[PDB]
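See below for the structure under consideration.
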Amino acid sequence: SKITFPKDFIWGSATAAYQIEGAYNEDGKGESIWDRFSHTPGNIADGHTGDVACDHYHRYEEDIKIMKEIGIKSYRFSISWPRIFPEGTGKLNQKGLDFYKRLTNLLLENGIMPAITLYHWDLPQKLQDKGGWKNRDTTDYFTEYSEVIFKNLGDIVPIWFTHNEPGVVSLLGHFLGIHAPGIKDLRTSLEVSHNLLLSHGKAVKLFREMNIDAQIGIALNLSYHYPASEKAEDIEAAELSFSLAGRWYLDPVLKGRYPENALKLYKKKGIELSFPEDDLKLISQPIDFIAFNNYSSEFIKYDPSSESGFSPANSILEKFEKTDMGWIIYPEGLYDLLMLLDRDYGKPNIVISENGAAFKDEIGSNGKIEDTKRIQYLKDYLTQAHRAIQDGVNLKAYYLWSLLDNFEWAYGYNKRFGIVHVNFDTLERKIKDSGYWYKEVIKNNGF
């Protein structure tokens with residue numbers, strides 16, 4: 001029987017610029033680090049690139065029509081810094097800015113609330129040539145970019161996110177090197193994590209200084225990390241796991257410190273950090289909500305052989321349903337994560353900035369996409385979200401990742417997360433059943 005969400009609850013859908021826009025070298029847009037990373041064989045599945053993607057730069061009018069028909073209340077998208085400042089600083093590319101001005105106006109005219117992410121991973125390559133996020137100057141350039149954006153859009157865009165998933169940019173982009181810019185250095189990765197947090201602080205401070213009449217936050221990748229067993233060493237391994245992945249970004253932002261057990265670990269590996277203590281005060285500027293991207297959960301065991309003292313519990317993992325990513329399905333995970341946030345960070349306002357899943361989608365001979373595995377996933381995860389609202393969590397919005405099938409970073413176009421199907425040869429859009437379903441969910445404020 002039917003569940004119903006709070007009355008003001010915001011039903012949304014999300015994208016990112018490099019994943020959908022294409023037009024990678026049009027209207028003076030500067031090269032980003034993802035253009036550079038995508039142009040190198042071996043980096044992306046099948047040699048895919050974001051050169052064209054869903055061509056949303058040209059087709060946004062069609063895409064807005066689709067949103068209005070599904071009935072989403074908020075549309076989360078990101079702005080491409082290299083379209084605004086091709087060289088990352090210097091002179092302003094008005095054609096790029098007009099794109100977003102127009103986009104935002106068309107959303108508001110169709111009754112859709114904009115939610116903007118300022119950085120979703122596309123640093124201008126010119127700034128990467130001078131060290132990128134390892135160079136503290138990038139945090140000032142980011143603020144200059146944010147200023148232009150706040151000046152033109154601030155008051156008419158009710159939801160802002162400084163950054164998407166600084167932890168991924170950090171680990172995958174500067175440690176593992178499987179994301180742009182493909183650097184492999186532990187220490188570099190930690191300087192980067194810090195400069196990303198700094199840049200967030202500076203933009204929040206700027207936002208208040210310009211007295212923008214809207215809510216700002218940050219979107220972190222979060223996942224509940226469960227201990228493999230009740231044994232003490234497993235409890236500690238999971239908490240260490242969560243500290244390195246989640247508390248490393250939550251604690252600076254919401255409590256003005258780094259987690260101690262993670263600093264311990266990195267000390268053991270030869271790395272101590274000297275942060276101006278005034279930086280942590282910048283980083284913990286008050287924000288109006290905390291947001292996170294969640295898909296799955298982790299299971300973690302003590303592991304002395306590992307570089308980090310822990311590793312995944314593959315035994316346990318082998319026993320759940322998996323998505324097309326190889327990720328476990330475990331809806332209770334979202335409840336536990338929501339409760340953790342509520343309990344450990346003083347009952348903050350919470351946005352789910354992303355949630356979704358990827359399954360092999362086929363268009364049937366009937367011309368439709370009957371993606372019932374995705375509908376089941378969404379049903380299941382949303383039931384757990386609802387449960388957590390009941391138990392007193394302040395969850396205000398849910399953004400379904402993704403509106404459109406898109407360039408999924410290192411996996412290219414092989415992994416579909418959309419509620420709208422995209423044929424990447426013809427660029428035609430077909431609303432999937434998950435989309436039709438979501439339409440009804442929104443109508444009814446639940447299911």
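Identifiers in the structure tokens: chain A, B, ... in order shown; residue index from 1 per chain; ligand index from 1 in order shown.
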*Please provide as a ChimeraX atom specification all residues within 10 Å of residue 257 in chain A, with the sequence filter that same-chain residues fewer than 6 positions apart are discarded (counting only C-alpha atoms).*
/A:247-251,277,279-281,283-284
*asked:* For the structure I just gave you, how does DSSP split range 102-185 of chain A - specifically, which residues are alpha helix (DSSP H)? Reply as number ranges by chain.
replied: A: 102-109, 125-129, 137-153, 166-171
Store the residues of this selection in a file with C-alpha atoms, as a tab-separated table (two decimals), in the first residue's frame.
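In the end it all went to result-v7.tsv:
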```tsv
chain	number	residue	atom	x	y	z
A	102	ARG	CA	19.25	30.72	-22.00
A	103	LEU	CA	19.03	27.18	-20.57
A	104	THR	CA	18.15	28.43	-17.10
A	105	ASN	CA	15.51	30.86	-18.47
A	106	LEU	CA	13.88	28.07	-20.53
A	107	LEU	CA	13.75	25.87	-17.44
A	108	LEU	CA	12.08	28.56	-15.31
A	109	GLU	CA	9.62	29.34	-18.15
A	125	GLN	CA	43.34	21.97	-19.38
A	126	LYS	CA	45.24	25.26	-19.38
A	127	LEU	CA	45.04	25.26	-15.59
A	128	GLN	CA	46.01	21.57	-15.54
A	129	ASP	CA	49.22	22.53	-17.37
A	137	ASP	CA	45.93	29.20	-7.32
A	138	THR	CA	43.26	27.03	-8.94
A	139	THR	CA	41.10	27.65	-5.85
A	140	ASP	CA	41.13	31.40	-6.65
A	141	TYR	CA	40.40	30.89	-10.33
A	142	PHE	CA	37.47	28.70	-9.32
A	143	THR	CA	36.16	31.57	-7.17
A	144	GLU	CA	36.46	34.03	-10.09
A	145	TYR	CA	34.54	31.60	-12.27
A	146	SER	CA	31.91	31.11	-9.56
A	147	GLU	CA	31.54	34.88	-9.26
A	148	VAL	CA	30.58	35.33	-12.90
A	149	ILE	CA	28.06	32.54	-12.51
A	150	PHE	CA	26.55	33.86	-9.26
A	151	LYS	CA	26.37	37.37	-10.78
A	152	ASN	CA	24.31	36.22	-13.77
A	153	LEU	CA	22.19	33.42	-12.24
A	166	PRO	CA	35.66	15.62	-4.76
A	167	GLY	CA	36.60	12.16	-3.40
A	168	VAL	CA	36.36	10.54	-6.85
A	169	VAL	CA	38.28	13.37	-8.60
A	170	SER	CA	40.82	12.83	-5.87
A	171	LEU	CA	41.19	9.02	-5.71
```
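CA of residue 327 in chain A to CA of residue 359 in chain A spans 10.9 Å [interatomic distance, one decimal].
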*Within range 256-413 of chain A, find each residue whose DSSP state, derived from the backbone, is strand (DSSP E), and express the selection as a PyMOL selection string.*
chain A and resi 290-293+298-302+310-312+349-355+394-401
Take the residues from that selection and put them in a file with C-alpha atoms, as a PDB file, in the first residue's frame.
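Contents of out.pdb, freshly written:
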```pdb
ATOM      1  CA  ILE A 290      24.565  18.412   2.635  1.00  0.00           C
ATOM      2  CA  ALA A 291      24.049  16.407  -0.592  1.00  0.00           C
ATOM      3  CA  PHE A 292      25.249  13.000  -1.643  1.00  0.00           C
ATOM      4  CA  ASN A 293      25.405  10.649  -4.566  1.00  0.00           C
ATOM      5  CA  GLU A 298      30.365  -1.600   0.723  1.00  0.00           C
ATOM      6  CA  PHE A 299      31.306  -4.646   2.824  1.00  0.00           C
ATOM      7  CA  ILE A 300      34.700  -4.376   4.480  1.00  0.00           C
ATOM      8  CA  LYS A 301      37.039  -6.775   6.272  1.00  0.00           C
ATOM      9  CA  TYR A 302      40.219  -6.363   8.279  1.00  0.00           C
ATOM     10  CA  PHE A 310      41.335  -3.431   4.997  1.00  0.00           C
ATOM     11  CA  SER A 311      39.723  -4.606   1.784  1.00  0.00           C
ATOM     12  CA  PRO A 312      36.337  -5.764   0.414  1.00  0.00           C
ATOM     13  CA  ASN A 349      19.069  19.143   5.706  1.00  0.00           C
ATOM     14  CA  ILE A 350      19.879  16.423   3.204  1.00  0.00           C
ATOM     15  CA  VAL A 351      19.547  16.150  -0.561  1.00  0.00           C
ATOM     16  CA  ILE A 352      20.040  12.964  -2.498  1.00  0.00           C
ATOM     17  CA  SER A 353      21.873  14.629  -5.408  1.00  0.00           C
ATOM     18  CA  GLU A 354      22.052  11.317  -7.268  1.00  0.00           C
ATOM     19  CA  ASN A 355      20.542   7.872  -7.206  1.00  0.00           C
ATOM     20  CA  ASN A 394      15.398  15.917   7.067  1.00  0.00           C
ATOM     21  CA  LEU A 395      15.550  14.670   3.458  1.00  0.00           C
ATOM     22  CA  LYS A 396      14.222  17.426   1.158  1.00  0.00           C
ATOM     23  CA  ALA A 397      14.955  16.308  -2.438  1.00  0.00           C
ATOM     24  CA  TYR A 398      15.756  13.281  -4.563  1.00  0.00           C
ATOM     25  CA  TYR A 399      17.547  13.627  -7.932  1.00  0.00           C
ATOM     26  CA  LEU A 400      17.337  10.621 -10.154  1.00  0.00           C
ATOM     27  CA  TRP A 401      20.566   9.915 -12.003  1.00  0.00           C
TER      28      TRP A 401
END
```
*With only C-alpha atoms as the basis for distance, which of A:90, A:124, A:181, A:435 is at the shortest distance from residue 405 in chain A?*
A:435
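Between residue 58 in chain A and the candidates A:30, A:201, A:154, A:22, the tightest atom-to-atom separation, counting only C-alpha atoms, involves A:22.
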*All residues 9 Å or closer to residue 389 in chain A, only C-alpha atoms, same chain fewer than 6 positions away omitted, as a PyMOL selection string*: chain A and resi 5-6+338+395
Go through range 128-164 of chain A residue by residue and, counting only C-alpha atoms, keep those with an atom at most 8 Å from range 193-197 of chain A; for each kept residue give the shortest atom pair and its distance in Å to one decimal, ordered by chain and increasing number, as JSON lines.
```
{"residue": "A:133", "atom": "CA", "partner": "A:195", "partner_atom": "CA", "distance": 6.1}
{"residue": "A:134", "atom": "CA", "partner": "A:195", "partner_atom": "CA", "distance": 7.0}
{"residue": "A:135", "atom": "CA", "partner": "A:195", "partner_atom": "CA", "distance": 7.8}
{"residue": "A:136", "atom": "CA", "partner": "A:195", "partner_atom": "CA", "distance": 6.2}
{"residue": "A:138", "atom": "CA", "partner": "A:195", "partner_atom": "CA", "distance": 8.0}
{"residue": "A:139", "atom": "CA", "partner": "A:195", "partner_atom": "CA", "distance": 6.3}
{"residue": "A:163", "atom": "CA", "partner": "A:196", "partner_atom": "CA", "distance": 8.0}
```
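If you look at CA of residue 55 in chain A and CA of residue 433 in chain A, they are 22.6 Å away from each other.
Atom pair CA of residue 74 in chain A / CA of residue 113 in chain A: separated by 4.5 Å.
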*Counting only C-alpha atoms, the option among A:221, A:305, A:94, A:117 closest to residue 28 in chain A*: A:94
Would you kindly return, as a short mmCIF file (atom, residue, chain, number, x, y, z; two decimals) with N, CA, C and O atoms, in the first residue's frame, each protein, DNA or RNA residue with an atom no farther than 12 Å from any atom of residue 31 in chain A, considering only C-alpha atoms and excluding same-chain residues fewer than 2 positions away?
```cif
data_model
loop_
_atom_site.label_atom_id
_atom_site.label_comp_id
_atom_site.auth_asym_id
_atom_site.auth_seq_id
_atom_site.Cartn_x
_atom_site.Cartn_y
_atom_site.Cartn_z
N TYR A 18 29.87 17.30 -19.27
CA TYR A 18 30.71 16.56 -20.18
C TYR A 18 29.99 15.29 -20.59
O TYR A 18 30.20 14.80 -21.68
N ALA A 23 29.61 19.07 -28.38
CA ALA A 23 30.05 20.37 -28.85
C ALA A 23 31.35 20.76 -28.14
O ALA A 23 31.54 21.89 -27.70
N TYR A 24 32.25 19.78 -28.05
CA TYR A 24 33.45 19.86 -27.25
C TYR A 24 34.37 20.97 -27.72
O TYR A 24 35.09 21.52 -26.90
N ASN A 25 34.33 21.34 -29.01
CA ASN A 25 35.21 22.38 -29.51
C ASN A 25 34.45 23.38 -30.37
O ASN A 25 34.87 23.72 -31.46
N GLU A 26 33.38 23.94 -29.80
CA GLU A 26 32.54 24.92 -30.48
C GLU A 26 32.45 26.19 -29.63
O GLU A 26 32.64 26.14 -28.41
N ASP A 27 32.17 27.34 -30.29
CA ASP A 27 31.97 28.63 -29.62
C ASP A 27 33.13 29.01 -28.70
O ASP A 27 32.92 29.63 -27.67
N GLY A 28 34.37 28.64 -29.05
CA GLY A 28 35.55 29.03 -28.30
C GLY A 28 35.77 28.21 -27.02
O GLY A 28 36.62 28.56 -26.19
N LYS A 29 35.02 27.13 -26.83
CA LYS A 29 35.17 26.37 -25.59
C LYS A 29 36.62 25.89 -25.50
O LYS A 29 37.15 25.36 -26.45
N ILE A 33 40.16 18.73 -19.10
CA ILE A 33 41.03 17.61 -18.81
C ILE A 33 40.33 16.32 -19.24
O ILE A 33 40.99 15.33 -19.43
N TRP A 34 38.99 16.32 -19.38
CA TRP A 34 38.28 15.11 -19.80
C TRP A 34 38.32 14.95 -21.32
O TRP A 34 38.36 13.83 -21.83
N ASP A 35 38.32 16.07 -22.07
CA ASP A 35 38.68 16.01 -23.49
C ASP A 35 40.05 15.34 -23.62
O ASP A 35 40.20 14.45 -24.43
N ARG A 36 41.06 15.77 -22.85
CA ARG A 36 42.41 15.26 -23.02
C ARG A 36 42.49 13.78 -22.65
O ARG A 36 43.09 12.98 -23.36
N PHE A 37 41.88 13.42 -21.51
CA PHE A 37 41.84 12.05 -21.04
C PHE A 37 41.08 11.15 -22.03
O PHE A 37 41.45 9.99 -22.24
N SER A 38 40.01 11.68 -22.63
CA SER A 38 39.19 10.88 -23.56
C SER A 38 39.89 10.68 -24.89
O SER A 38 39.65 9.68 -25.55
N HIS A 39 40.82 11.56 -25.24
CA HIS A 39 41.49 11.45 -26.52
C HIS A 39 42.66 10.50 -26.44
O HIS A 39 43.39 10.38 -27.37
N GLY A 50 33.52 11.92 -25.29
CA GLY A 50 32.48 12.89 -25.06
C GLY A 50 32.41 13.94 -26.17
O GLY A 50 31.75 14.96 -25.97
N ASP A 51 33.04 13.70 -27.32
CA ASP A 51 33.07 14.72 -28.37
C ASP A 51 31.67 15.21 -28.74
O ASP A 51 31.45 16.43 -28.88
N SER A 80 30.03 23.92 -17.48
CA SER A 80 31.35 23.68 -18.02
C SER A 80 32.21 24.95 -17.91
O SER A 80 32.08 25.89 -18.69
N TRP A 81 33.11 24.93 -16.94
CA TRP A 81 34.01 26.04 -16.69
C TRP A 81 34.75 26.43 -17.97
O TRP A 81 34.75 27.59 -18.35
N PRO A 82 35.35 25.51 -18.74
CA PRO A 82 36.02 25.89 -19.98
C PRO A 82 35.18 26.52 -21.07
O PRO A 82 35.78 27.04 -22.01
N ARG A 83 33.85 26.42 -21.00
CA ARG A 83 33.00 27.20 -21.89
C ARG A 83 32.91 28.67 -21.44
O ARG A 83 32.65 29.55 -22.25
N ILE A 84 33.11 28.94 -20.16
CA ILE A 84 32.94 30.28 -19.62
C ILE A 84 34.27 30.99 -19.68
O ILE A 84 34.34 32.16 -20.04
N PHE A 85 35.30 30.27 -19.23
CA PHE A 85 36.68 30.75 -19.29
C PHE A 85 37.52 29.66 -19.95
O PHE A 85 38.03 28.75 -19.28
N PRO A 86 37.69 29.70 -21.28
CA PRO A 86 38.49 28.70 -21.99
C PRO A 86 39.87 28.38 -21.45
O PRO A 86 40.35 27.24 -21.57
N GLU A 87 40.52 29.41 -20.91
CA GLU A 87 41.86 29.29 -20.35
C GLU A 87 41.79 29.19 -18.83
O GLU A 87 42.83 29.20 -18.18
N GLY A 88 40.57 29.17 -18.28
CA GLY A 88 40.35 28.97 -16.85
C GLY A 88 40.33 30.27 -16.06
O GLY A 88 39.71 30.37 -15.01
N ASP A 122 35.30 18.90 -15.08
CA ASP A 122 35.88 19.48 -16.29
C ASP A 122 36.75 20.72 -16.01
O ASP A 122 36.47 21.83 -16.48
N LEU A 123 37.87 20.52 -15.33
CA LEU A 123 38.85 21.59 -15.20
C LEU A 123 39.41 21.97 -16.56
O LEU A 123 39.81 21.08 -17.29
N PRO A 124 39.48 23.28 -16.94
CA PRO A 124 40.21 23.73 -18.14
C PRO A 124 41.63 23.19 -18.15
O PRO A 124 42.29 23.25 -17.13
N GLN A 125 42.04 22.59 -19.27
CA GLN A 125 43.34 21.97 -19.38
C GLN A 125 44.46 22.99 -19.19
O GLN A 125 45.56 22.62 -18.81
N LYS A 126 44.19 24.28 -19.46
CA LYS A 126 45.24 25.26 -19.38
C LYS A 126 45.69 25.33 -17.92
O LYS A 126 46.90 25.36 -17.62
N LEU A 127 44.72 25.27 -17.01
CA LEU A 127 45.04 25.26 -15.59
C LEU A 127 45.68 23.93 -15.21
O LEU A 127 46.48 23.90 -14.30
N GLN A 128 45.33 22.82 -15.89
CA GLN A 128 46.01 21.57 -15.54
C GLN A 128 47.49 21.67 -15.94
O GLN A 128 48.32 21.00 -15.34
N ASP A 129 47.82 22.45 -16.97
CA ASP A 129 49.22 22.53 -17.37
C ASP A 129 50.05 23.14 -16.25
O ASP A 129 51.20 22.77 -16.10
#
```
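For the residues A:239, A:96, A:12, A:68, ranking by smallest atom-to-atom distance to residue 115 in chain A using only C-alpha atoms places A:12 first.
Excluding residue 62 in chain A itself and same-chain residues fewer than 2 positions from it, the residues having an atom within 12 Å of it are residues 54, 55, 56, 57, 58, 59, 60, 64, 65, 66, 67, 68, 69, 103, 106, 107, 404, 420, 427, 428, 429 and 430 of chain A, counting only C-alpha atoms.
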